[PDB]
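Shown here: target06.cif, mmCIF, N, CA and C atoms and all ligand atoms.
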data_query
loop_
_atom_site.label_atom_id
_atom_site.label_comp_id
_atom_site.auth_asym_id
_atom_site.auth_seq_id
_atom_site.Cartn_x
_atom_site.Cartn_y
_atom_site.Cartn_z
N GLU A 627 13.20 -12.84 14.36
CA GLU A 627 14.10 -12.82 15.51
C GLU A 627 14.55 -11.40 15.82
N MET A 628 13.59 -10.53 16.14
CA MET A 628 13.87 -9.15 16.48
C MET A 628 12.82 -8.66 17.47
N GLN A 629 13.00 -7.42 17.93
CA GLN A 629 12.05 -6.80 18.84
C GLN A 629 10.88 -6.21 18.06
N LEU A 630 9.67 -6.34 18.62
CA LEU A 630 8.47 -5.90 17.91
C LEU A 630 8.44 -4.38 17.77
N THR A 631 8.73 -3.66 18.86
CA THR A 631 8.51 -2.21 18.86
C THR A 631 9.30 -1.47 17.79
N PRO A 632 10.61 -1.67 17.61
CA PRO A 632 11.32 -0.91 16.56
C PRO A 632 10.86 -1.27 15.16
N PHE A 633 10.47 -2.52 14.94
CA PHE A 633 9.97 -2.92 13.63
C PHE A 633 8.68 -2.18 13.30
N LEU A 634 7.77 -2.07 14.26
CA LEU A 634 6.52 -1.39 13.98
C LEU A 634 6.74 0.10 13.78
N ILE A 635 7.69 0.68 14.51
CA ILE A 635 8.07 2.08 14.28
C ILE A 635 8.56 2.26 12.85
N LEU A 636 9.36 1.32 12.36
CA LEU A 636 9.86 1.39 11.00
C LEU A 636 8.73 1.27 9.98
N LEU A 637 7.80 0.33 10.21
CA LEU A 637 6.68 0.21 9.27
C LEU A 637 5.83 1.47 9.29
N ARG A 638 5.65 2.09 10.46
CA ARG A 638 4.87 3.33 10.51
C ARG A 638 5.53 4.42 9.68
N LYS A 639 6.84 4.58 9.83
CA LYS A 639 7.55 5.59 9.03
C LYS A 639 7.48 5.26 7.55
N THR A 640 7.62 3.98 7.20
CA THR A 640 7.58 3.56 5.81
C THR A 640 6.22 3.83 5.20
N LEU A 641 5.15 3.51 5.94
CA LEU A 641 3.80 3.77 5.46
C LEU A 641 3.59 5.26 5.22
N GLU A 642 4.12 6.11 6.11
CA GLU A 642 4.02 7.55 5.89
C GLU A 642 4.75 7.97 4.62
N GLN A 643 5.92 7.37 4.35
CA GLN A 643 6.69 7.73 3.17
C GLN A 643 5.99 7.30 1.90
N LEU A 644 5.31 6.16 1.94
CA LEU A 644 4.56 5.72 0.78
C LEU A 644 3.37 6.63 0.54
N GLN A 645 2.68 7.03 1.60
CA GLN A 645 1.55 7.93 1.44
C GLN A 645 2.00 9.24 0.83
N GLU A 646 3.20 9.70 1.17
CA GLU A 646 3.73 10.95 0.61
C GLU A 646 3.86 10.89 -0.91
N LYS A 647 4.06 9.69 -1.47
CA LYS A 647 4.20 9.52 -2.92
C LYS A 647 2.86 9.61 -3.64
N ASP A 648 1.78 9.28 -2.94
CA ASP A 648 0.41 9.38 -3.44
C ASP A 648 -0.08 10.80 -3.18
N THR A 649 0.39 11.73 -4.03
CA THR A 649 0.12 13.14 -3.79
C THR A 649 -1.35 13.49 -4.00
N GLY A 650 -2.04 12.77 -4.87
CA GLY A 650 -3.46 12.98 -5.03
C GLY A 650 -4.33 12.33 -3.99
N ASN A 651 -3.73 11.59 -3.05
CA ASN A 651 -4.47 10.87 -2.01
C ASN A 651 -5.52 9.95 -2.62
N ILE A 652 -5.24 9.36 -3.78
CA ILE A 652 -6.26 8.52 -4.38
C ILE A 652 -6.23 7.13 -3.77
N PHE A 653 -5.17 6.79 -3.04
CA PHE A 653 -5.05 5.49 -2.39
C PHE A 653 -5.17 5.59 -0.87
N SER A 654 -5.57 6.75 -0.34
CA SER A 654 -5.59 6.96 1.11
C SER A 654 -6.71 6.18 1.79
N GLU A 655 -7.84 6.01 1.13
CA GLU A 655 -9.00 5.37 1.73
C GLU A 655 -9.54 4.31 0.77
N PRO A 656 -10.39 3.41 1.25
CA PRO A 656 -10.91 2.37 0.35
C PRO A 656 -11.60 2.98 -0.86
N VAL A 657 -11.47 2.31 -2.00
CA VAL A 657 -12.21 2.69 -3.20
C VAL A 657 -13.68 2.75 -2.83
N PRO A 658 -14.36 3.89 -3.04
CA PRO A 658 -15.76 4.01 -2.62
C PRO A 658 -16.69 3.08 -3.38
N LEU A 659 -17.07 1.96 -2.76
CA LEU A 659 -17.92 0.99 -3.44
C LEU A 659 -19.28 1.58 -3.80
N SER A 660 -19.75 2.59 -3.05
CA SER A 660 -21.00 3.25 -3.41
C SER A 660 -20.89 4.05 -4.70
N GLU A 661 -19.67 4.42 -5.10
CA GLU A 661 -19.46 5.09 -6.37
C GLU A 661 -18.99 4.15 -7.47
N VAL A 662 -18.43 3.00 -7.10
CA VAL A 662 -17.91 2.03 -8.06
C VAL A 662 -18.59 0.69 -7.80
N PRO A 663 -19.86 0.53 -8.18
CA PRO A 663 -20.61 -0.67 -7.78
C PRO A 663 -20.07 -1.97 -8.34
N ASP A 664 -19.33 -1.94 -9.45
CA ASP A 664 -18.80 -3.15 -10.06
C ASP A 664 -17.38 -3.47 -9.61
N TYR A 665 -16.87 -2.76 -8.61
CA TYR A 665 -15.45 -2.88 -8.26
C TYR A 665 -15.14 -4.26 -7.69
N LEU A 666 -15.97 -4.74 -6.76
CA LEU A 666 -15.73 -6.05 -6.17
C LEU A 666 -15.91 -7.20 -7.15
N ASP A 667 -16.51 -6.95 -8.32
CA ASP A 667 -16.64 -8.01 -9.32
C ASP A 667 -15.29 -8.47 -9.84
N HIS A 668 -14.32 -7.55 -9.93
CA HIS A 668 -12.99 -7.88 -10.44
C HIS A 668 -11.93 -7.94 -9.36
N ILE A 669 -12.10 -7.21 -8.27
CA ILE A 669 -11.06 -7.04 -7.26
C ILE A 669 -11.41 -7.91 -6.07
N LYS A 670 -10.67 -9.01 -5.89
CA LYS A 670 -11.02 -9.94 -4.82
C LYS A 670 -10.62 -9.42 -3.45
N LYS A 671 -9.55 -8.62 -3.35
CA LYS A 671 -9.13 -8.06 -2.07
C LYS A 671 -8.79 -6.58 -2.24
N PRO A 672 -9.74 -5.68 -1.95
CA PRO A 672 -9.42 -4.25 -1.96
C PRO A 672 -8.38 -3.89 -0.90
N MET A 673 -7.60 -2.84 -1.18
CA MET A 673 -6.61 -2.38 -0.22
C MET A 673 -6.39 -0.89 -0.40
N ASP A 674 -5.91 -0.25 0.67
CA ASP A 674 -5.67 1.19 0.71
C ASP A 674 -4.81 1.49 1.93
N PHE A 675 -4.28 2.72 1.98
CA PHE A 675 -3.34 3.05 3.05
C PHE A 675 -4.00 3.12 4.41
N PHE A 676 -5.28 3.53 4.48
CA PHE A 676 -5.94 3.56 5.78
C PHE A 676 -6.13 2.15 6.33
N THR A 677 -6.54 1.22 5.47
CA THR A 677 -6.63 -0.18 5.89
C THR A 677 -5.26 -0.71 6.30
N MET A 678 -4.21 -0.37 5.55
CA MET A 678 -2.87 -0.81 5.94
C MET A 678 -2.50 -0.29 7.32
N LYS A 679 -2.85 0.97 7.61
CA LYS A 679 -2.58 1.51 8.94
C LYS A 679 -3.30 0.72 10.02
N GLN A 680 -4.57 0.38 9.79
CA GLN A 680 -5.29 -0.41 10.79
C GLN A 680 -4.68 -1.79 10.95
N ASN A 681 -4.28 -2.42 9.83
CA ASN A 681 -3.64 -3.73 9.92
C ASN A 681 -2.32 -3.65 10.68
N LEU A 682 -1.51 -2.63 10.39
CA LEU A 682 -0.25 -2.43 11.10
C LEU A 682 -0.48 -2.41 12.61
N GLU A 683 -1.44 -1.60 13.07
CA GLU A 683 -1.69 -1.51 14.50
C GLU A 683 -2.35 -2.76 15.06
N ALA A 684 -3.01 -3.55 14.21
CA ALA A 684 -3.62 -4.81 14.62
C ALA A 684 -2.63 -5.97 14.60
N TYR A 685 -1.34 -5.67 14.38
CA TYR A 685 -0.26 -6.66 14.34
C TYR A 685 -0.41 -7.64 13.19
N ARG A 686 -1.07 -7.24 12.11
CA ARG A 686 -1.14 -8.12 10.96
C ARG A 686 0.15 -8.15 10.16
N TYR A 687 1.10 -7.25 10.45
CA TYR A 687 2.35 -7.14 9.69
C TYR A 687 3.53 -7.41 10.61
N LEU A 688 3.97 -8.65 10.65
CA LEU A 688 5.08 -9.04 11.51
C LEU A 688 6.33 -9.36 10.73
N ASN A 689 6.31 -9.18 9.42
CA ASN A 689 7.51 -9.28 8.61
C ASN A 689 7.32 -8.30 7.47
N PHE A 690 8.41 -7.98 6.78
CA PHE A 690 8.29 -6.96 5.76
C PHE A 690 7.45 -7.44 4.59
N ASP A 691 7.50 -8.74 4.27
CA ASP A 691 6.79 -9.24 3.10
C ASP A 691 5.29 -9.02 3.21
N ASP A 692 4.72 -9.21 4.40
CA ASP A 692 3.27 -9.06 4.49
C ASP A 692 2.85 -7.60 4.36
N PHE A 693 3.71 -6.68 4.81
CA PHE A 693 3.47 -5.26 4.60
C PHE A 693 3.56 -4.94 3.11
N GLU A 694 4.63 -5.41 2.47
CA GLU A 694 4.81 -5.12 1.05
C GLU A 694 3.73 -5.78 0.19
N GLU A 695 3.23 -6.95 0.61
CA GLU A 695 2.15 -7.60 -0.14
C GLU A 695 0.91 -6.72 -0.21
N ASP A 696 0.54 -6.07 0.90
CA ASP A 696 -0.66 -5.24 0.86
C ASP A 696 -0.41 -3.97 0.06
N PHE A 697 0.81 -3.41 0.12
CA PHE A 697 1.12 -2.28 -0.75
C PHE A 697 0.99 -2.68 -2.21
N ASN A 698 1.52 -3.85 -2.57
CA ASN A 698 1.44 -4.31 -3.95
C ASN A 698 0.00 -4.49 -4.39
N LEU A 699 -0.89 -4.84 -3.45
CA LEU A 699 -2.31 -4.95 -3.79
C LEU A 699 -2.89 -3.59 -4.16
N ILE A 700 -2.49 -2.53 -3.44
CA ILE A 700 -2.98 -1.19 -3.79
C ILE A 700 -2.68 -0.90 -5.25
N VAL A 701 -1.44 -1.16 -5.64
CA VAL A 701 -0.99 -0.93 -7.01
C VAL A 701 -1.71 -1.85 -7.98
N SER A 702 -1.66 -3.17 -7.73
CA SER A 702 -2.14 -4.12 -8.74
C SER A 702 -3.65 -4.03 -8.91
N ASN A 703 -4.39 -3.75 -7.83
CA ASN A 703 -5.84 -3.62 -7.96
C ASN A 703 -6.18 -2.47 -8.90
N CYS A 704 -5.42 -1.38 -8.79
CA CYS A 704 -5.69 -0.19 -9.60
C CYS A 704 -5.31 -0.41 -11.06
N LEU A 705 -4.17 -1.06 -11.32
CA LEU A 705 -3.81 -1.42 -12.69
C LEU A 705 -4.85 -2.34 -13.31
N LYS A 706 -5.39 -3.26 -12.52
CA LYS A 706 -6.36 -4.20 -13.06
C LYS A 706 -7.68 -3.51 -13.39
N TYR A 707 -8.18 -2.67 -12.47
CA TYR A 707 -9.53 -2.13 -12.65
C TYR A 707 -9.60 -1.05 -13.72
N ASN A 708 -8.53 -0.27 -13.91
CA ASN A 708 -8.59 0.92 -14.74
C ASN A 708 -7.89 0.74 -16.08
N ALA A 709 -8.42 1.41 -17.10
CA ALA A 709 -7.80 1.38 -18.41
C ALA A 709 -6.47 2.12 -18.40
N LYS A 710 -5.61 1.78 -19.36
CA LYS A 710 -4.24 2.28 -19.35
C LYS A 710 -4.18 3.78 -19.59
N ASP A 711 -5.14 4.35 -20.31
CA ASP A 711 -5.11 5.78 -20.59
C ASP A 711 -5.83 6.60 -19.53
N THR A 712 -5.85 6.15 -18.28
CA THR A 712 -6.49 6.91 -17.22
C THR A 712 -5.45 7.46 -16.26
N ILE A 713 -5.84 8.51 -15.54
CA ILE A 713 -5.00 9.03 -14.48
C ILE A 713 -4.78 7.97 -13.39
N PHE A 714 -5.83 7.22 -13.04
CA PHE A 714 -5.69 6.21 -12.00
C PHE A 714 -4.62 5.20 -12.38
N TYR A 715 -4.68 4.67 -13.61
CA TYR A 715 -3.69 3.67 -13.99
C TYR A 715 -2.28 4.25 -13.94
N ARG A 716 -2.09 5.46 -14.45
CA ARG A 716 -0.74 6.03 -14.43
C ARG A 716 -0.28 6.33 -13.01
N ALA A 717 -1.21 6.72 -12.13
CA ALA A 717 -0.85 6.97 -10.74
C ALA A 717 -0.39 5.70 -10.06
N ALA A 718 -1.01 4.56 -10.40
CA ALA A 718 -0.55 3.30 -9.82
C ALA A 718 0.83 2.92 -10.34
N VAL A 719 1.11 3.18 -11.62
CA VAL A 719 2.45 2.93 -12.13
C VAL A 719 3.46 3.80 -11.40
N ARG A 720 3.13 5.08 -11.23
CA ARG A 720 4.05 5.98 -10.56
C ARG A 720 4.26 5.55 -9.11
N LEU A 721 3.19 5.13 -8.44
CA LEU A 721 3.32 4.67 -7.06
C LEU A 721 4.16 3.40 -6.99
N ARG A 722 3.98 2.49 -7.95
CA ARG A 722 4.82 1.30 -7.99
C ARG A 722 6.29 1.67 -8.08
N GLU A 723 6.61 2.64 -8.94
CA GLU A 723 7.99 3.05 -9.16
C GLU A 723 8.54 3.76 -7.93
N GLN A 724 7.85 4.80 -7.48
CA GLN A 724 8.36 5.59 -6.36
C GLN A 724 8.27 4.82 -5.05
N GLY A 725 7.20 4.03 -4.87
CA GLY A 725 7.08 3.22 -3.68
C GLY A 725 8.10 2.11 -3.60
N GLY A 726 8.48 1.53 -4.74
CA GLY A 726 9.47 0.47 -4.72
C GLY A 726 10.78 0.91 -4.09
N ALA A 727 11.20 2.14 -4.39
CA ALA A 727 12.43 2.66 -3.80
C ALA A 727 12.28 2.85 -2.29
N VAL A 728 11.14 3.36 -1.85
CA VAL A 728 10.89 3.50 -0.41
C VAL A 728 10.98 2.14 0.27
N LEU A 729 10.42 1.13 -0.37
CA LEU A 729 10.34 -0.18 0.26
C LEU A 729 11.70 -0.86 0.35
N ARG A 730 12.54 -0.71 -0.68
CA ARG A 730 13.85 -1.34 -0.67
C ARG A 730 14.71 -0.79 0.47
N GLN A 731 14.71 0.53 0.64
CA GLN A 731 15.48 1.13 1.73
C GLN A 731 14.94 0.68 3.08
N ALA A 732 13.62 0.61 3.22
CA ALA A 732 13.04 0.24 4.51
C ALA A 732 13.30 -1.23 4.83
N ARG A 733 13.26 -2.10 3.82
CA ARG A 733 13.52 -3.51 4.07
C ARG A 733 14.97 -3.73 4.49
N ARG A 734 15.91 -2.98 3.90
CA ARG A 734 17.29 -3.04 4.35
C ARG A 734 17.39 -2.75 5.84
N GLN A 735 16.65 -1.74 6.31
CA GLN A 735 16.72 -1.36 7.71
C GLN A 735 16.10 -2.43 8.60
N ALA A 736 15.01 -3.06 8.14
CA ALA A 736 14.46 -4.20 8.88
C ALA A 736 15.47 -5.33 8.97
N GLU A 737 16.26 -5.53 7.91
CA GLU A 737 17.24 -6.62 7.91
C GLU A 737 18.40 -6.36 8.86
N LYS A 738 18.60 -5.12 9.29
CA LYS A 738 19.59 -4.82 10.32
C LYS A 738 19.08 -5.12 11.72
N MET A 739 17.79 -5.42 11.87
CA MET A 739 17.20 -5.67 13.18
C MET A 739 17.36 -7.13 13.57
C1 LIG A 801 -13.73 5.36 -9.54
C2 LIG A 801 -12.54 5.00 -8.92
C3 LIG A 801 -11.77 3.96 -9.42
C4 LIG A 801 -10.62 3.64 -8.82
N1 LIG A 801 -9.71 2.70 -9.09
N2 LIG A 801 -8.82 2.73 -8.29
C5 LIG A 801 -9.06 3.71 -7.42
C6 LIG A 801 -8.07 4.00 -6.28
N3 LIG A 801 -10.21 4.31 -7.74
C7 LIG A 801 -10.91 5.33 -7.19
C8 LIG A 801 -10.49 6.03 -6.06
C9 LIG A 801 -11.25 7.08 -5.55
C10 LIG A 801 -12.45 7.44 -6.16
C11 LIG A 801 -12.87 6.74 -7.29
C12 LIG A 801 -12.10 5.69 -7.80
#

Translate the structure of the given file into C-alpha cells.
Amino acid sequence: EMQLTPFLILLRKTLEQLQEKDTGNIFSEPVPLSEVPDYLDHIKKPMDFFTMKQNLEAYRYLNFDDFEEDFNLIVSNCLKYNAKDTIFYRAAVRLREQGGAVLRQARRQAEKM
C-alpha cells in the first residue's frame, strides 16, 4: 500500500550500498559457469548483484522481502559452494554481516512508506 516510484528508488540506493560492501566485486556478476563447471550441480538458483539490478528494473521486487531473499541467496550460495578456509567463504560471511545492517535500515525506511 505505497507508491511504486519511491520504493524502487530506495531499492536502487540499497543495492548500491550492498555493492559497496563487496569491495572485491566478487558478487557483482554471475559466478562464471565456464570457469566453475560443477557450480550448478549444488546451486539451484545462482544470484549476483547484476542480476538483482535487472530484476529490480523488471519489477520483480515489489516488497522488501523479495529483494532481501535474492541478497540472501548471494550469501548462502557462496557459503554452500566454498570451503570455510577460503576467501570466498569469508567474504560471504562479511557480506552477510555488513549487508544485514544496510538491509535493516533500508527496510525501516520502506516501512515509513
Ligand atoms: C570459482 C568461483 C567460486 C565462487 N563461489 N562463489 C563465487 C562468487 N565464486 C566465484 C566468483 C568469481 C570467480 C570465481 C568464483

Using DSSP assignments from the backbone, pull out every residue in chain A that falls under helix (DSSP H, G or I) and give it to me as a compact mmCIF listing (two decimals) with N, CA and C atoms, in the frame of the given file.
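Result file part_31.txt:
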# COMPACT_ATOMS: atom_id res chain seq x y z
N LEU A 630 9.67 -6.34 18.62
CA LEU A 630 8.47 -5.90 17.91
C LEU A 630 8.44 -4.38 17.77
N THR A 631 8.73 -3.66 18.86
CA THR A 631 8.51 -2.21 18.86
C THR A 631 9.30 -1.47 17.79
N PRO A 632 10.61 -1.67 17.61
CA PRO A 632 11.32 -0.91 16.56
C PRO A 632 10.86 -1.27 15.16
N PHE A 633 10.47 -2.52 14.94
CA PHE A 633 9.97 -2.92 13.63
C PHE A 633 8.68 -2.18 13.30
N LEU A 634 7.77 -2.07 14.26
CA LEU A 634 6.52 -1.39 13.98
C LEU A 634 6.74 0.10 13.78
N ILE A 635 7.69 0.68 14.51
CA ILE A 635 8.07 2.08 14.28
C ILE A 635 8.56 2.26 12.85
N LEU A 636 9.36 1.32 12.36
CA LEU A 636 9.86 1.39 11.00
C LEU A 636 8.73 1.27 9.98
N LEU A 637 7.80 0.33 10.21
CA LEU A 637 6.68 0.21 9.27
C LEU A 637 5.83 1.47 9.29
N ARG A 638 5.65 2.09 10.46
CA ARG A 638 4.87 3.33 10.51
C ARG A 638 5.53 4.42 9.68
N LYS A 639 6.84 4.58 9.83
CA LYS A 639 7.55 5.59 9.03
C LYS A 639 7.48 5.26 7.55
N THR A 640 7.62 3.98 7.20
CA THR A 640 7.58 3.56 5.81
C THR A 640 6.22 3.83 5.20
N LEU A 641 5.15 3.51 5.94
CA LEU A 641 3.80 3.77 5.46
C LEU A 641 3.59 5.26 5.22
N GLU A 642 4.12 6.11 6.11
CA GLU A 642 4.02 7.55 5.89
C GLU A 642 4.75 7.97 4.62
N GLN A 643 5.92 7.37 4.35
CA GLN A 643 6.69 7.73 3.17
C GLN A 643 5.99 7.30 1.90
N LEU A 644 5.31 6.16 1.94
CA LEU A 644 4.56 5.72 0.78
C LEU A 644 3.37 6.63 0.54
N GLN A 645 2.68 7.03 1.60
CA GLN A 645 1.55 7.93 1.44
C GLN A 645 2.00 9.24 0.83
N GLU A 646 3.20 9.70 1.17
CA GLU A 646 3.73 10.95 0.61
C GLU A 646 3.86 10.89 -0.91
N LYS A 647 4.06 9.69 -1.47
CA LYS A 647 4.20 9.52 -2.92
C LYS A 647 2.86 9.61 -3.64
N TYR A 665 -16.87 -2.76 -8.61
CA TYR A 665 -15.45 -2.88 -8.26
C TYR A 665 -15.14 -4.26 -7.69
N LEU A 666 -15.97 -4.74 -6.76
CA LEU A 666 -15.73 -6.05 -6.17
C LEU A 666 -15.91 -7.20 -7.15
N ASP A 667 -16.51 -6.95 -8.32
CA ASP A 667 -16.64 -8.01 -9.32
C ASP A 667 -15.29 -8.47 -9.84
N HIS A 668 -14.32 -7.55 -9.93
CA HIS A 668 -12.99 -7.88 -10.44
C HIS A 668 -11.93 -7.94 -9.36
N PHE A 675 -4.28 2.72 1.98
CA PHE A 675 -3.34 3.05 3.05
C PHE A 675 -4.00 3.12 4.41
N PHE A 676 -5.28 3.53 4.48
CA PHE A 676 -5.94 3.56 5.78
C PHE A 676 -6.13 2.15 6.33
N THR A 677 -6.54 1.22 5.47
CA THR A 677 -6.63 -0.18 5.89
C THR A 677 -5.26 -0.71 6.30
N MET A 678 -4.21 -0.37 5.55
CA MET A 678 -2.87 -0.81 5.94
C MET A 678 -2.50 -0.29 7.32
N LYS A 679 -2.85 0.97 7.61
CA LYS A 679 -2.58 1.51 8.94
C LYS A 679 -3.30 0.72 10.02
N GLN A 680 -4.57 0.38 9.79
CA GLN A 680 -5.29 -0.41 10.79
C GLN A 680 -4.68 -1.79 10.95
N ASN A 681 -4.28 -2.42 9.83
CA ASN A 681 -3.64 -3.73 9.92
C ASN A 681 -2.32 -3.65 10.68
N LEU A 682 -1.51 -2.63 10.39
CA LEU A 682 -0.25 -2.43 11.10
C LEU A 682 -0.48 -2.41 12.61
N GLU A 683 -1.44 -1.60 13.07
CA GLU A 683 -1.69 -1.51 14.50
C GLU A 683 -2.35 -2.76 15.06
N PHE A 690 8.41 -7.98 6.78
CA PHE A 690 8.29 -6.96 5.76
C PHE A 690 7.45 -7.44 4.59
N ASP A 691 7.50 -8.74 4.27
CA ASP A 691 6.79 -9.24 3.10
C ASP A 691 5.29 -9.02 3.21
N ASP A 692 4.72 -9.21 4.40
CA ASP A 692 3.27 -9.06 4.49
C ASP A 692 2.85 -7.60 4.36
N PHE A 693 3.71 -6.68 4.81
CA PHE A 693 3.47 -5.26 4.60
C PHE A 693 3.56 -4.94 3.11
N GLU A 694 4.63 -5.41 2.47
CA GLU A 694 4.81 -5.12 1.05
C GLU A 694 3.73 -5.78 0.19
N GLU A 695 3.23 -6.95 0.61
CA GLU A 695 2.15 -7.60 -0.14
C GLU A 695 0.91 -6.72 -0.21
N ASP A 696 0.54 -6.07 0.90
CA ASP A 696 -0.66 -5.24 0.86
C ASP A 696 -0.41 -3.97 0.06
N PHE A 697 0.81 -3.41 0.12
CA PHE A 697 1.12 -2.28 -0.75
C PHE A 697 0.99 -2.68 -2.21
N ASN A 698 1.52 -3.85 -2.57
CA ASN A 698 1.44 -4.31 -3.95
C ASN A 698 0.00 -4.49 -4.39
N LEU A 699 -0.89 -4.84 -3.45
CA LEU A 699 -2.31 -4.95 -3.79
C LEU A 699 -2.89 -3.59 -4.16
N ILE A 700 -2.49 -2.53 -3.44
CA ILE A 700 -2.98 -1.19 -3.79
C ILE A 700 -2.68 -0.90 -5.25
N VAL A 701 -1.44 -1.16 -5.64
CA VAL A 701 -0.99 -0.93 -7.01
C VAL A 701 -1.71 -1.85 -7.98
N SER A 702 -1.66 -3.17 -7.73
CA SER A 702 -2.14 -4.12 -8.74
C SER A 702 -3.65 -4.03 -8.91
N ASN A 703 -4.39 -3.75 -7.83
CA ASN A 703 -5.84 -3.62 -7.96
C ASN A 703 -6.18 -2.47 -8.90
N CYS A 704 -5.42 -1.38 -8.79
CA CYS A 704 -5.69 -0.19 -9.60
C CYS A 704 -5.31 -0.41 -11.06
N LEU A 705 -4.17 -1.06 -11.32
CA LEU A 705 -3.81 -1.42 -12.69
C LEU A 705 -4.85 -2.34 -13.31
N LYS A 706 -5.39 -3.26 -12.52
CA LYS A 706 -6.36 -4.20 -13.06
C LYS A 706 -7.68 -3.51 -13.39
N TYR A 707 -8.18 -2.67 -12.47
CA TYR A 707 -9.53 -2.13 -12.65
C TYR A 707 -9.60 -1.05 -13.72
N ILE A 713 -5.84 8.51 -15.54
CA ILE A 713 -5.00 9.03 -14.48
C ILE A 713 -4.78 7.97 -13.39
N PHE A 714 -5.83 7.22 -13.04
CA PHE A 714 -5.69 6.21 -12.00
C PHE A 714 -4.62 5.20 -12.38
N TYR A 715 -4.68 4.67 -13.61
CA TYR A 715 -3.69 3.67 -13.99
C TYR A 715 -2.28 4.25 -13.94
N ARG A 716 -2.09 5.46 -14.45
CA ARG A 716 -0.74 6.03 -14.43
C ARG A 716 -0.28 6.33 -13.01
N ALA A 717 -1.21 6.72 -12.13
CA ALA A 717 -0.85 6.97 -10.74
C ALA A 717 -0.39 5.70 -10.06
N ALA A 718 -1.01 4.56 -10.40
CA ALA A 718 -0.55 3.30 -9.82
C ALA A 718 0.83 2.92 -10.34
N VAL A 719 1.11 3.18 -11.62
CA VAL A 719 2.45 2.93 -12.13
C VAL A 719 3.46 3.80 -11.40
N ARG A 720 3.13 5.08 -11.23
CA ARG A 720 4.05 5.98 -10.56
C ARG A 720 4.26 5.55 -9.11
N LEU A 721 3.19 5.13 -8.44
CA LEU A 721 3.32 4.67 -7.06
C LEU A 721 4.16 3.40 -6.99
N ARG A 722 3.98 2.49 -7.95
CA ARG A 722 4.82 1.30 -7.99
C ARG A 722 6.29 1.67 -8.08
N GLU A 723 6.61 2.64 -8.94
CA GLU A 723 7.99 3.05 -9.16
C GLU A 723 8.54 3.76 -7.93
N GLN A 724 7.85 4.80 -7.48
CA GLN A 724 8.36 5.59 -6.36
C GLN A 724 8.27 4.82 -5.05
N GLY A 725 7.20 4.03 -4.87
CA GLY A 725 7.08 3.22 -3.68
C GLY A 725 8.10 2.11 -3.60
N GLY A 726 8.48 1.53 -4.74
CA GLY A 726 9.47 0.47 -4.72
C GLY A 726 10.78 0.91 -4.09
N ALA A 727 11.20 2.14 -4.39
CA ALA A 727 12.43 2.66 -3.80
C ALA A 727 12.28 2.85 -2.29
N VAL A 728 11.14 3.36 -1.85
CA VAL A 728 10.89 3.50 -0.41
C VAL A 728 10.98 2.14 0.27
N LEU A 729 10.42 1.13 -0.37
CA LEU A 729 10.34 -0.18 0.26
C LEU A 729 11.70 -0.86 0.35
N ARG A 730 12.54 -0.71 -0.68
CA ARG A 730 13.85 -1.34 -0.67
C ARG A 730 14.71 -0.79 0.47
N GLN A 731 14.71 0.53 0.64
CA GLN A 731 15.48 1.13 1.73
C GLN A 731 14.94 0.68 3.08
N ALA A 732 13.62 0.61 3.22
CA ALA A 732 13.04 0.24 4.51
C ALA A 732 13.30 -1.23 4.83
N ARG A 733 13.26 -2.10 3.82
CA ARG A 733 13.52 -3.51 4.07
C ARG A 733 14.97 -3.73 4.49
N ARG A 734 15.91 -2.98 3.90
CA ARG A 734 17.29 -3.04 4.35
C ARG A 734 17.39 -2.75 5.84
N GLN A 735 16.65 -1.74 6.31
CA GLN A 735 16.72 -1.36 7.71
C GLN A 735 16.10 -2.43 8.60
N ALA A 736 15.01 -3.06 8.14
CA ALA A 736 14.46 -4.20 8.88
C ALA A 736 15.47 -5.33 8.97
N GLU A 737 16.26 -5.53 7.91
CA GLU A 737 17.24 -6.62 7.91
C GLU A 737 18.40 -6.36 8.86

Spatial neighbours of residue 632 (chain A), max dist 8 Å, only N, CA and C atoms, sep filter under 4 positions, as a list in words: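 Non-adjacent residues within range: residues 628, 636, 637, 638, 736 and 739 of chain A.
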
Using only N, CA and C atoms: which of A:705, A:697, A:734, A:690 has the shortest distance to residue 718 (chain A):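 Nearest candidate to residue 718 (chain A) out of A:705, A:697, A:734, A:690: A:705.
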
Using only C-alpha atoms, determine which residues lie at most 12 Å from residue 726 (chain A), disregarding the query and same-chain residues fewer than 5 positions distant; provide the list as a CSV table (one decimal) with N, CA and C atoms, in the coordinates of the input.
chain,number,residue,atom,x,y,z
A,640,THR,N,7.6,4.0,7.2
A,640,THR,CA,7.6,3.6,5.8
A,640,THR,C,6.2,3.8,5.2
A,643,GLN,N,5.9,7.4,4.4
A,643,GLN,CA,6.7,7.7,3.2
A,643,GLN,C,6.0,7.3,1.9
A,644,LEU,N,5.3,6.2,1.9
A,644,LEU,CA,4.6,5.7,0.8
A,644,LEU,C,3.4,6.6,0.5
A,647,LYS,N,4.1,9.7,-1.5
A,647,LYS,CA,4.2,9.5,-2.9
A,647,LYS,C,2.9,9.6,-3.6
A,694,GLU,N,4.6,-5.4,2.5
A,694,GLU,CA,4.8,-5.1,1.0
A,694,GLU,C,3.7,-5.8,0.2
A,695,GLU,N,3.2,-7.0,0.6
A,695,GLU,CA,2.2,-7.6,-0.1
A,695,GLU,C,0.9,-6.7,-0.2
A,697,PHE,N,0.8,-3.4,0.1
A,697,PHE,CA,1.1,-2.3,-0.8
A,697,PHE,C,1.0,-2.7,-2.2
A,698,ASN,N,1.5,-3.8,-2.6
A,698,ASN,CA,1.4,-4.3,-4.0
A,698,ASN,C,0.0,-4.5,-4.4
A,701,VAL,N,-1.4,-1.2,-5.6
A,701,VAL,CA,-1.0,-0.9,-7.0
A,701,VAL,C,-1.7,-1.8,-8.0
A,718,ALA,N,-1.0,4.6,-10.4
A,718,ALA,CA,-0.6,3.3,-9.8
A,718,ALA,C,0.8,2.9,-10.3
A,719,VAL,N,1.1,3.2,-11.6
A,719,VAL,CA,2.4,2.9,-12.1
A,719,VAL,C,3.5,3.8,-11.4
A,720,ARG,N,3.1,5.1,-11.2
A,720,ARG,CA,4.0,6.0,-10.6
A,720,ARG,C,4.3,5.6,-9.1
A,721,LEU,N,3.2,5.1,-8.4
A,721,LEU,CA,3.3,4.7,-7.1
A,721,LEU,C,4.2,3.4,-7.0
A,731,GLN,N,14.7,0.5,0.6
A,731,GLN,CA,15.5,1.1,1.7
A,731,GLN,C,14.9,0.7,3.1
A,732,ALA,N,13.6,0.6,3.2
A,732,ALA,CA,13.0,0.2,4.5
A,732,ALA,C,13.3,-1.2,4.8
A,733,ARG,N,13.3,-2.1,3.8
A,733,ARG,CA,13.5,-3.5,4.1
A,733,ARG,C,15.0,-3.7,4.5
